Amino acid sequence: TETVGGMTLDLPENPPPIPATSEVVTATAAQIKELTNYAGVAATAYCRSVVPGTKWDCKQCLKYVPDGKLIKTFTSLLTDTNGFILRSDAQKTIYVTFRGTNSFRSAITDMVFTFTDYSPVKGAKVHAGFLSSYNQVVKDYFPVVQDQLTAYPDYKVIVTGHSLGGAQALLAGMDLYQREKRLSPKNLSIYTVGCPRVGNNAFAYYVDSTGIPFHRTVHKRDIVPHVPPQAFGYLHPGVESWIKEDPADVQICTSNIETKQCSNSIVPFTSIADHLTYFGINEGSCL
């Protein structure tokens, strides 16, 4: 079938098997568990009972944050960007979670690569679409994170998303770092699953300079972390955790600028199907 940026949407038959990986370190069980748990939280955003239902009783909800309390949900129609803030007293965590559209295949096939300037950092540019969506939802969530952190000032803030939601997560994390001075690398972290590239080289260097931990989990041959194209100027910051095969073969490329050794090693034999499951958790349909 079809390609985007030279990469398949549907996997051929007889793709080269995924090549063995021998810096790059195997994730421990504990690290896998933690990536899994925040992948699960990200998955709940696609549940209509959560947004806009405003309940926390979904399957992955009670599995990963059993004592969760929804503080706020929000939706921007124009790009179908949705999210929530949730607090766990048991885990001492304030969660900021986002998605974009659940129409994944069209979203990738129609995506346009145009940059807008990233105004906090001269020379830095981010995908114009992602940034417009962010500028809609920031009004909804930012005051609420400030308010919860005032009320629970010892809690950490975890920002998580799948797919286009991962783009919102990273933009939120950078905004929180910029404007909420009570947050730093000690108490703020960003986790994503199937995150596309979000900005240019300078944006990526900036993100790395903040020291805010940005985790990019990528599931086997998932196309989405490979768009938009590097050749257009885009570059991933963050540390890639690449699920090659569960339950134990998850490889960490510890460098904070994307490398050739994790999921970029399977390009251009990618798939949209691989975008839909992370650690056995369905991402996109609340299954």
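One rule holds for the numbers: they count along the sequence shown, beginning at 1.
J.: When you step from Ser22 to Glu23 in this entry, do you jump over none, 1 to 3, 4 to 9, or 10 or more residues of the deposited sequence that have no coordinates?
T.: The entry leaves 4 to 9 residues without coordinates here.
J.: Given the B-factors recorded for C-alpha atoms, which segment has the greater mean, 271-279 or 5-13?
T.: Looking at the record's C-alpha B-factors, the answer is 5-13.
J.: Averaging only over Cα atoms, indicate whether 240-248 or 56-64 has the higher B-factor in the PDB entry.
T.: Of 56-64 and 240-248, the stretch with the higher C-alpha B-factor average is 56-64.
J.: Just grab whichever of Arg216, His162, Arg197, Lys125 has the top CA B-factor as deposited.
T.: Comparing C-alpha B-factors across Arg216, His162, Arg197, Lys125, the top value belongs to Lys125.
J.: Considering only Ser106, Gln168, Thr210, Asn201, which residue's Cα atom bears the greatest B-factor as recorded?
T.: Within the set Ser106, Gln168, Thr210, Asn201, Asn201 shows the top C-alpha B-factor.
J.: Could you say whether, by C-alpha temperature factor, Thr81 belongs to the lowest, middle or highest third of its chain?
T.: For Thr81, whose C-alpha B-factor we compare with every modelled residue in the chain, the answer is the lowest third.
J.: Quick one: classify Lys220 as lowest, middle or highest third of the chain based on its Cα B-factor.
T.: For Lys220, the deposited C-alpha B-factor lands in the lowest third.
J.: Which third of the chain holds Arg99 when residues are ordered by C-alpha B factor: lowest, middle or highest?
T.: Lowest third of the chain for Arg99's C-alpha B-factor.
J.: Determine, from the deposited record, the chain-internal third of the Cα B-factor for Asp117: lowest, middle or highest.
T.: Highest third - that is where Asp117 ends up once the chain's C-alpha B-factors are sorted.
J.: Considering only modelled residues of the same chain, in which third does the CA B-factor of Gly40 rank: lowest, middle or highest?
T.: Tercile = lowest for this residue's CA B-factor.
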